[PDB]
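Chains, contacts and geometry: an overview
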Amino acid sequence: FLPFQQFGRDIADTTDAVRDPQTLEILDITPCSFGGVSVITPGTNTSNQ
Amino acid sequence: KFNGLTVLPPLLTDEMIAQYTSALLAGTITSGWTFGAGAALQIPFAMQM
């Protein structure tokens, strides 16, 4: 980052990386992992597992 | 995947699809037109043409 540029943005026009306003640092924002939940279960008349 | 677009893996992997192609190639050079219509039979490829 240039000395006067505090924060960057990605292709989606969302926060990508930011800088510490207190000290000199550059931190990249990577969203914490998430995903879907799939349920493998048999028929209602067979088992409830 | 960091922006929310989940790419699901295909059910047939590369080794299974390659096994089905080699299984069909070895069958086509064996029974020819036969195994598609029924049980495989031994015929020489010289008599197949």
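Residues numbered from 1 in each chain as written, not as in the entry; some residues may be left out. Chains lettered and ligands numbered in written order. Part of a larger assembly, values for the part shown. Heavy atoms only, no water.

What the entry reports as its method is cryo-EM, with 2.8 Å given for the resolution.

Where nonpolar side chains cluster on the molecular surface, the patch consists of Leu11, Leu12, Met16, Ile17 and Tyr20 of chain B and spans about 560 Å² of accessible area. With respect to the secondary-structure elements, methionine 16 of chain B resides in helix α1 (residues 14-28). (Patch = residues over 30% accessible without salt bridge, like charges linked within 9 Å, V, L, I, M, F, W, Y side chains within 5 Å. Areas by Shrake-Rupley, 256 points an atom, 1.4 Å probe, with all protein chains shown as cover. Salt bridge = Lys/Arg side-chain N within 4 Å of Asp/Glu carboxyl O. Helix = DSSP H or I, 4+ residues; strand = E, 2+ residues; numbered from the N terminus.)

Moving on, we come to the sheet that holds strand β3 (residues 26-28) of chain A. Residue and element names in this part refer to chain A. Taken in spatial order, the three strands make up an open sheet running β1-β2-β3, and their pairing is antiparallel. Edge positions in the open sheet fall to β1 (7-9) and β3, since each of these has one partner strand only. Averaged over all neighbouring strand pairs, the angle between strand axes comes to 15 degrees, with direction disregarded. With two bridges joining them, β1 and strand β2 (residues 15-19) adopt antiparallel strand pairing. Looking across to β2, one finds that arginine 9 is bridged to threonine 15. (Pairing = 2+ DSSP bridges. Axes fitted to C-alpha atoms, helices over the stretch in contact; angles between N-to-C directions.)

Here the focus is the side chain of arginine 19 of chain A. All names here are of chain A. With respect to the helices and strands, the residue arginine 19 is situated in strand β2. Although buried, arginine 19 forms no salt bridge, and the nearest oppositely charged side chain, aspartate 20, lies 9.0 Å from it. Those residues in contact with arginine 19 that lie beyond four places of it in its chain are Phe1, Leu2, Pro3, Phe4, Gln5, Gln6, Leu24, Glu25 and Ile26. (Buried < 20%, exposed > 50% of the residue type's maximum accessible area, 1.4 Å probe, protein only. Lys, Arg positive; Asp, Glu negative; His and termini not counted. Contact = heavy atoms within 4.5 Å.)

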